[PDB]
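Data from upload.tsv: TSV, C-alpha atoms
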chain	number	residue	atom	x	y	z
A	8	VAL	CA	-59.05	82.55	-35.66
A	9	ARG	CA	-60.33	79.93	-38.12
A	10	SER	CA	-59.15	76.82	-39.93
A	11	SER	CA	-58.89	76.20	-43.66
A	12	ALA	CA	-58.64	73.25	-46.01
A	13	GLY	CA	-55.25	71.70	-46.61
A	14	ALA	CA	-53.85	72.96	-43.31
A	15	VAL	CA	-52.52	69.68	-41.93
A	16	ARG	CA	-49.88	69.63	-44.68
A	17	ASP	CA	-49.26	73.38	-44.35
A	18	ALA	CA	-48.05	73.08	-40.76
A	19	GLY	CA	-45.62	70.35	-41.75
A	20	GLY	CA	-45.60	68.82	-38.28
A	21	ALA	CA	-45.72	65.08	-37.72
A	22	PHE	CA	-49.18	64.65	-39.23
A	23	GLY	CA	-48.05	66.42	-42.40
A	24	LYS	CA	-45.17	64.03	-43.05
A	25	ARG	CA	-47.28	61.06	-41.99
A	26	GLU	CA	-49.97	62.02	-44.51
A	27	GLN	CA	-47.42	62.66	-47.26
A	28	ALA	CA	-45.95	59.19	-46.76
A	29	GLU	CA	-49.36	57.51	-46.50
A	30	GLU	CA	-50.12	59.03	-49.89
A	31	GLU	CA	-46.78	58.33	-51.55
A	32	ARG	CA	-46.60	54.66	-50.60
A	33	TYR	CA	-50.12	53.99	-51.89
A	34	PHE	CA	-49.54	55.75	-55.18
A	35	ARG	CA	-46.17	54.09	-55.72
A	36	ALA	CA	-47.97	50.76	-55.33
A	37	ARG	CA	-50.69	51.75	-57.79
A	38	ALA	CA	-48.10	53.10	-60.24
A	39	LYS	CA	-46.30	49.76	-60.09
A	40	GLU	CA	-49.54	47.90	-60.81
A	41	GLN	CA	-50.42	50.23	-63.69
A	42	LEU	CA	-46.94	49.89	-65.17
A	43	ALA	CA	-47.25	46.11	-65.07
A	44	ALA	CA	-50.60	46.35	-66.86
A	45	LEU	CA	-49.08	48.74	-69.40
A	46	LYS	CA	-46.27	46.29	-70.14
A	47	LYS	CA	-48.78	43.46	-70.53
A	48	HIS	CA	-50.87	45.52	-72.95
A	49	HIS	CA	-47.74	46.49	-74.89
A	50	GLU	CA	-46.76	42.85	-75.34
A	51	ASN	CA	-50.31	41.74	-76.16
A	52	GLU	CA	-50.73	44.45	-78.82
A	53	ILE	CA	-47.50	43.91	-80.80
A	54	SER	CA	-49.24	41.56	-83.24
B	256	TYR	CA	-5.32	90.85	-51.52
B	257	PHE	CA	-5.01	87.16	-52.40
B	258	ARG	CA	-7.80	87.16	-54.95
B	259	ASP	CA	-6.37	90.32	-56.54
B	260	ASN	CA	-2.91	88.71	-56.81
B	261	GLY	CA	-3.97	85.66	-58.79
B	262	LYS	CA	-4.18	83.43	-55.72
B	263	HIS	CA	-7.22	81.77	-54.16
B	264	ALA	CA	-8.55	82.52	-50.70
B	265	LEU	CA	-11.28	81.24	-48.40
B	266	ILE	CA	-12.78	83.42	-45.67
B	267	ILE	CA	-15.11	82.27	-42.91
B	268	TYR	CA	-17.03	84.90	-40.95
B	269	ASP	CA	-18.09	83.33	-37.67
B	270	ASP	CA	-20.62	84.63	-36.89
B	271	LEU	CA	-22.20	87.44	-38.88
B	272	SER	CA	-25.10	87.49	-36.41
B	273	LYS	CA	-22.64	89.00	-33.90
B	274	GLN	CA	-21.26	91.59	-36.30
B	275	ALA	CA	-24.88	92.66	-36.67
B	276	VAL	CA	-25.19	93.04	-32.89
B	277	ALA	CA	-21.96	95.03	-32.64
B	278	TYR	CA	-23.13	97.30	-35.44
B	279	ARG	CA	-26.45	97.79	-33.67
B	280	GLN	CA	-24.68	98.77	-30.46
B	281	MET	CA	-22.49	101.25	-32.34
B	282	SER	CA	-25.45	102.77	-34.16
B	283	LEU	CA	-27.53	103.06	-31.00
B	284	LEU	CA	-24.70	104.75	-29.12
B	285	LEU	CA	-24.19	107.25	-31.95
B	286	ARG	CA	-27.91	108.06	-31.43
B	287	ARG	CA	-28.91	106.98	-34.94
B	288	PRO	CA	-32.61	106.03	-34.89
B	289	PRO	CA	-33.26	102.29	-34.50
B	290	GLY	CA	-35.14	100.10	-36.94
B	291	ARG	CA	-36.77	96.67	-36.77
B	292	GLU	CA	-35.68	94.63	-33.74
B	293	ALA	CA	-33.60	97.76	-32.94
B	294	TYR	CA	-31.15	97.03	-35.75
B	295	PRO	CA	-30.24	100.11	-37.79
B	296	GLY	CA	-31.77	100.59	-41.20
B	297	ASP	CA	-28.43	99.87	-42.90
B	298	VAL	CA	-28.18	96.31	-41.57
B	299	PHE	CA	-28.73	94.60	-44.93
B	300	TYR	CA	-26.18	96.90	-46.54
B	301	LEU	CA	-23.71	96.04	-43.77
B	302	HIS	CA	-23.65	92.45	-44.99
B	303	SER	CA	-24.40	92.85	-48.69
B	304	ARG	CA	-21.40	95.12	-49.21
B	305	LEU	CA	-19.29	92.57	-47.32
B	306	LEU	CA	-20.35	89.33	-49.02
B	307	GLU	CA	-20.27	90.94	-52.47
B	308	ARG	CA	-16.47	91.05	-52.28
B	309	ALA	CA	-16.24	87.25	-52.61
B	310	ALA	CA	-15.77	87.21	-56.37
B	311	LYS	CA	-14.15	84.92	-58.95
B	312	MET	CA	-11.90	87.09	-61.08
B	313	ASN	CA	-11.55	86.27	-64.76
B	314	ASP	CA	-8.19	85.39	-66.26
B	315	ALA	CA	-7.56	89.00	-67.28
B	316	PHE	CA	-7.66	90.11	-63.62
B	317	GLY	CA	-5.32	87.38	-62.39
B	318	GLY	CA	-7.87	84.61	-62.17
B	319	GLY	CA	-7.84	84.67	-58.38
B	320	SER	CA	-10.90	83.94	-56.28
B	321	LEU	CA	-12.23	84.49	-52.77
B	322	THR	CA	-14.79	82.05	-51.38
B	323	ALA	CA	-16.86	83.07	-48.37
B	324	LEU	CA	-18.60	80.89	-45.77
B	325	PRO	CA	-20.58	83.20	-43.48
B	326	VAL	CA	-21.98	81.52	-40.37
B	327	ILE	CA	-25.38	82.61	-39.07
B	328	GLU	CA	-27.07	81.47	-35.86
B	329	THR	CA	-30.84	81.13	-35.75
B	330	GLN	CA	-33.03	81.02	-32.64
B	331	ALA	CA	-34.81	77.68	-32.23
B	332	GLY	CA	-34.64	77.15	-35.98
B	333	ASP	CA	-36.50	80.39	-36.73
B	334	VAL	CA	-34.85	80.88	-40.11
B	335	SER	CA	-37.57	83.49	-40.69
B	336	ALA	CA	-35.81	85.99	-38.41
B	337	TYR	CA	-34.42	89.30	-39.65
B	338	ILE	CA	-30.66	88.82	-40.09
B	339	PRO	CA	-31.05	85.17	-41.20
B	340	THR	CA	-33.41	86.20	-43.99
B	341	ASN	CA	-31.19	89.10	-45.05
B	342	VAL	CA	-28.13	86.89	-45.33
B	343	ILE	CA	-30.08	84.08	-47.00
B	344	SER	CA	-31.20	86.51	-49.69
B	345	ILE	CA	-27.60	87.77	-50.00
B	346	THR	CA	-25.71	84.48	-50.33
B	347	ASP	CA	-25.65	81.91	-53.13
B	348	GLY	CA	-26.13	78.61	-51.35
B	349	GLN	CA	-27.06	77.47	-47.88
B	350	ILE	CA	-26.25	74.61	-45.54
B	351	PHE	CA	-29.04	74.02	-43.03
B	352	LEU	CA	-27.94	72.30	-39.84
B	353	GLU	CA	-30.79	71.04	-37.65
B	354	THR	CA	-30.74	69.93	-34.03
B	355	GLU	CA	-33.38	67.27	-34.69
B	356	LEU	CA	-30.88	65.73	-37.12
B	357	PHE	CA	-27.94	66.32	-34.80
B	358	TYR	CA	-29.56	64.29	-32.02
B	359	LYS	CA	-31.08	61.68	-34.34
B	360	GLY	CA	-27.49	60.63	-35.08
B	361	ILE	CA	-26.99	62.42	-38.40
B	362	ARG	CA	-23.71	64.32	-38.05
B	363	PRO	CA	-22.96	66.66	-39.79
B	364	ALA	CA	-26.60	67.64	-39.41
B	365	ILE	CA	-26.73	69.03	-42.94
B	366	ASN	CA	-30.39	69.04	-43.96
B	367	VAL	CA	-29.88	67.87	-47.52
B	368	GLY	CA	-33.56	68.47	-48.23
B	369	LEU	CA	-33.30	72.25	-47.82
B	370	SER	CA	-29.60	72.86	-48.42
B	371	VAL	CA	-29.05	74.47	-51.81
B	372	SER	CA	-26.21	75.59	-54.06
B	373	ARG	CA	-26.91	77.67	-57.16
B	374	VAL	CA	-23.71	76.59	-58.91
B	375	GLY	CA	-24.69	72.95	-58.48
B	376	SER	CA	-23.56	71.12	-61.61
B	377	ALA	CA	-20.62	73.45	-62.24
B	378	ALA	CA	-17.84	73.38	-59.65
B	379	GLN	CA	-18.03	69.61	-59.21
B	380	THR	CA	-15.53	66.99	-60.31
B	381	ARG	CA	-16.71	64.66	-63.04
B	382	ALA	CA	-16.57	61.53	-60.86
B	383	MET	CA	-18.51	63.22	-58.06
C	1	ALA	CA	-42.51	79.35	-31.53
C	2	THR	CA	-43.34	82.43	-33.58
C	3	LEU	CA	-46.86	83.59	-34.38
C	4	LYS	CA	-47.01	81.90	-37.79
C	5	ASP	CA	-45.83	78.57	-36.38
C	6	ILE	CA	-48.55	78.71	-33.73
C	7	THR	CA	-51.19	79.74	-36.26
C	8	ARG	CA	-50.37	76.88	-38.62
C	9	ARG	CA	-50.30	74.36	-35.78
C	10	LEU	CA	-53.63	75.61	-34.43
C	11	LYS	CA	-55.29	75.37	-37.85
C	12	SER	CA	-53.97	71.84	-38.35
C	13	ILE	CA	-55.25	70.66	-34.97
C	14	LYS	CA	-58.65	72.22	-35.64
C	15	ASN	CA	-58.91	70.30	-38.91
C	16	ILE	CA	-57.88	67.10	-37.13
C	17	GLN	CA	-60.56	67.60	-34.49
C	18	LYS	CA	-63.23	68.18	-37.13
C	19	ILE	CA	-62.23	64.99	-38.93
C	20	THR	CA	-62.23	62.89	-35.77
C	21	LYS	CA	-65.69	64.16	-34.80
C	22	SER	CA	-67.04	63.21	-38.22
C	23	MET	CA	-65.45	59.77	-37.97
C	24	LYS	CA	-66.93	59.23	-34.52
C	25	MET	CA	-70.38	59.95	-35.94
C	26	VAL	CA	-69.85	57.57	-38.86
C	27	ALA	CA	-68.55	54.84	-36.56
C	28	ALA	CA	-71.53	55.28	-34.25
C	29	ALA	CA	-73.97	54.82	-37.12
C	30	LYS	CA	-72.14	51.74	-38.35
C	31	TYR	CA	-72.11	50.42	-34.78
C	32	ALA	CA	-75.86	50.78	-34.43
C	33	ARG	CA	-76.34	48.86	-37.66
C	34	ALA	CA	-73.82	46.22	-36.58
C	35	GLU	CA	-75.60	45.58	-33.26
C	36	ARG	CA	-78.93	45.33	-35.05
C	37	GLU	CA	-77.48	42.72	-37.40
C	38	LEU	CA	-75.60	40.99	-34.57
C	39	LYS	CA	-78.59	39.92	-32.53
C	40	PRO	CA	-79.94	37.31	-35.01
C	41	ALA	CA	-76.43	36.18	-35.88
C	42	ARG	CA	-75.82	35.79	-32.15
C	43	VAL	CA	-78.70	33.34	-31.80
C	44	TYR	CA	-77.69	31.56	-35.01
C	45	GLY	CA	-74.06	31.08	-34.01
C	46	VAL	CA	-74.92	30.03	-30.46
C	47	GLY	CA	-77.24	27.41	-31.90
C	48	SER	CA	-74.52	26.19	-34.25
C	49	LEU	CA	-72.22	25.77	-31.25
C	50	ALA	CA	-74.96	23.99	-29.27
C	51	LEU	CA	-73.90	20.48	-30.26
C	52	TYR	CA	-70.31	20.52	-29.05
C	53	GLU	CA	-71.10	21.93	-25.61
C	54	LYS	CA	-74.04	19.52	-25.31
C	55	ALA	CA	-72.06	16.45	-26.41

Take the structure I supplied and represent it as structure tokens, if you would.
Amino acid sequence: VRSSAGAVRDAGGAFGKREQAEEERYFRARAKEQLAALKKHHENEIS
Amino acid sequence: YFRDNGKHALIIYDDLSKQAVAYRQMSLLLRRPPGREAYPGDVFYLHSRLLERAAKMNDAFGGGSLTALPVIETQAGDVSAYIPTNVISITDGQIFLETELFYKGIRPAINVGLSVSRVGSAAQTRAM
Amino acid sequence: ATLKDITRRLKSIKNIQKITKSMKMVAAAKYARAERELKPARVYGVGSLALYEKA
């Protein structure tokens, strides 16, 4: 019996949900930052 | 009878996992060869022919309807068992109750993440 | 649980063990480097504290 890549999130135990959340929070933060930058660029490029 | 006479009915089989056991006992005592987990071969049919009678007649046939709410019982959440999977592939929607949610304080334990309903949009009031 | 539950759990724990071994090795290397860099900084900081404990 072996182990394969992407198995922690295949089991779906506690580590799977923990990893999913650790990813989602970080990328929500980065999406917020990128959206702020996109708004700034929009405003600065109207003229 | 009700759905054929223009009225509406709701039926609640509780459980179907025990009708399956009674059918298995009958079939084993008639000497019919067993199948998987000792259930007869015709154990899907047993339920499919039963849950297919919950129809919604058009207005030409009275307009009556018969909703069905079969109740299955899994073993330690093993939805992957035999009768659970049969009935899940027979029915339209599902309502997953989980003990981890029951004890965590969420009652009814409905697992909204997995619970499904094919009709969805339709069959819902506009405010809801 | 069933066989598939056990198989998935076993695979996940094996991955976790591999990762923790790798991280132990990385941390050990960084520790060796940190001690090496800590000796001179130890003498430097102790000297800088010298005054207050002397006066």

Would you give the centre and edge lengths, in Å to one decimal, of a box along x, y and z around the listed atoms of range 26-42 of chain A, with 8 Å added to each side, as JSON?
{"center_x": -48.3, "center_y": 55.3, "center_z": -54.8, "size_x": 20.7, "size_y": 30.8, "size_z": 36.7}

Contacts of residue 277 in chain B at 12 Å (all atoms listed in the file; same-chain gap of 6+ positions) as a list in words: residues 270, 271, 283, 284, 293, 294, 295, 298 and 301 of chain B

Compute the chain C side of the contact with chain B at 12 Å, counting all atoms listed in the file, and hand it back as a PyMOL selection string. chain C and resi 1-5

Can you measure CA of residue 276 in chain B to CA of residue 342 in chain B for me? One decimal in Å is fine. 14.2 Å

Would you mind listing, as a PDB file with C-alpha atoms, keeping the file's coordinate frame, all residues of chain A that have at least one atom within 12 Å of chain C, where only C-alpha atoms are what counts?
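And here's selection.pdb as it stands now:
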ATOM      1  CA  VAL A   8     -59.050  82.550 -35.660  1.00  0.00           C
ATOM      2  CA  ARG A   9     -60.330  79.930 -38.120  1.00  0.00           C
ATOM      3  CA  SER A  10     -59.150  76.820 -39.930  1.00  0.00           C
ATOM      4  CA  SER A  11     -58.890  76.200 -43.660  1.00  0.00           C
ATOM      5  CA  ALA A  12     -58.640  73.250 -46.010  1.00  0.00           C
ATOM      6  CA  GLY A  13     -55.250  71.700 -46.610  1.00  0.00           C
ATOM      7  CA  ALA A  14     -53.850  72.960 -43.310  1.00  0.00           C
ATOM      8  CA  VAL A  15     -52.520  69.680 -41.930  1.00  0.00           C
ATOM      9  CA  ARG A  16     -49.880  69.630 -44.680  1.00  0.00           C
ATOM     10  CA  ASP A  17     -49.260  73.380 -44.350  1.00  0.00           C
ATOM     11  CA  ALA A  18     -48.050  73.080 -40.760  1.00  0.00           C
ATOM     12  CA  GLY A  19     -45.620  70.350 -41.750  1.00  0.00           C
ATOM     13  CA  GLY A  20     -45.600  68.820 -38.280  1.00  0.00           C
ATOM     14  CA  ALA A  21     -45.720  65.080 -37.720  1.00  0.00           C
ATOM     15  CA  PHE A  22     -49.180  64.650 -39.230  1.00  0.00           C
ATOM     16  CA  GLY A  23     -48.050  66.420 -42.400  1.00  0.00           C
ATOM     17  CA  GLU A  26     -49.970  62.020 -44.510  1.00  0.00           C
TER      18      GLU A  26
END

Quick one: everything within 10 Å of range 346-360 of chain B, counting only C-alpha atoms, minus sequence neighbours fewer than 6 positions away in the same chain. Send it as a PDB file with C-alpha atoms, keeping the file's coordinate frame.
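Okay, this is what ended up in out29.pdb:
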ATOM      1  CA  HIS B 302     -23.650  92.450 -44.990  1.00  0.00           C
ATOM      2  CA  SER B 303     -24.400  92.850 -48.690  1.00  0.00           C
ATOM      3  CA  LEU B 306     -20.350  89.330 -49.020  1.00  0.00           C
ATOM      4  CA  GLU B 307     -20.270  90.940 -52.470  1.00  0.00           C
ATOM      5  CA  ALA B 323     -16.860  83.070 -48.370  1.00  0.00           C
ATOM      6  CA  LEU B 324     -18.600  80.890 -45.770  1.00  0.00           C
ATOM      7  CA  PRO B 325     -20.580  83.200 -43.480  1.00  0.00           C
ATOM      8  CA  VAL B 326     -21.980  81.520 -40.370  1.00  0.00           C
ATOM      9  CA  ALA B 331     -34.810  77.680 -32.230  1.00  0.00           C
ATOM     10  CA  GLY B 332     -34.640  77.150 -35.980  1.00  0.00           C
ATOM     11  CA  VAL B 334     -34.850  80.880 -40.110  1.00  0.00           C
ATOM     12  CA  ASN B 366     -30.390  69.040 -43.960  1.00  0.00           C
ATOM     13  CA  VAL B 367     -29.880  67.870 -47.520  1.00  0.00           C
ATOM     14  CA  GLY B 368     -33.560  68.470 -48.230  1.00  0.00           C
ATOM     15  CA  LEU B 369     -33.300  72.250 -47.820  1.00  0.00           C
ATOM     16  CA  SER B 370     -29.600  72.860 -48.420  1.00  0.00           C
ATOM     17  CA  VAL B 371     -29.050  74.470 -51.810  1.00  0.00           C
ATOM     18  CA  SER B 372     -26.210  75.590 -54.060  1.00  0.00           C
ATOM     19  CA  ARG B 373     -26.910  77.670 -57.160  1.00  0.00           C
ATOM     20  CA  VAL B 374     -23.710  76.590 -58.910  1.00  0.00           C
ATOM     21  CA  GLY B 375     -24.690  72.950 -58.480  1.00  0.00           C
TER      22      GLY B 375
END

Pairwise distance for CA of residue 381 in chain B and CA of residue 365 in chain B, rounded to one decimal in Å: 22.9 Å

For CA of residue 19 in chain C and CA of residue 28 in chain A, quote the distance in Å rounded to one decimal.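 The value is 19.0 Å.
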
Excluding residue 322 in chain B and its own-chain neighbours fewer than 3 positions away, which residues fall within 10 Å of it when counting only C-alpha atoms? Please give them as a ChimeraX atom specification. /B:258,263-267,306,308-311,325

File dump, residues just selected, C-alpha atoms, as a PDB file, in the frame of the given file:
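selection22.pdb, written as the output of this step:
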ATOM      1  CA  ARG B 258      -7.800  87.160 -54.950  1.00  0.00           C
ATOM      2  CA  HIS B 263      -7.220  81.770 -54.160  1.00  0.00           C
ATOM      3  CA  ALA B 264      -8.550  82.520 -50.700  1.00  0.00           C
ATOM      4  CA  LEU B 265     -11.280  81.240 -48.400  1.00  0.00           C
ATOM      5  CA  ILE B 266     -12.780  83.420 -45.670  1.00  0.00           C
ATOM      6  CA  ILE B 267     -15.110  82.270 -42.910  1.00  0.00           C
ATOM      7  CA  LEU B 306     -20.350  89.330 -49.020  1.00  0.00           C
ATOM      8  CA  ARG B 308     -16.470  91.050 -52.280  1.00  0.00           C
ATOM      9  CA  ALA B 309     -16.240  87.250 -52.610  1.00  0.00           C
ATOM     10  CA  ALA B 310     -15.770  87.210 -56.370  1.00  0.00           C
ATOM     11  CA  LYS B 311     -14.150  84.920 -58.950  1.00  0.00           C
ATOM     12  CA  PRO B 325     -20.580  83.200 -43.480  1.00  0.00           C
TER      13      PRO B 325
END
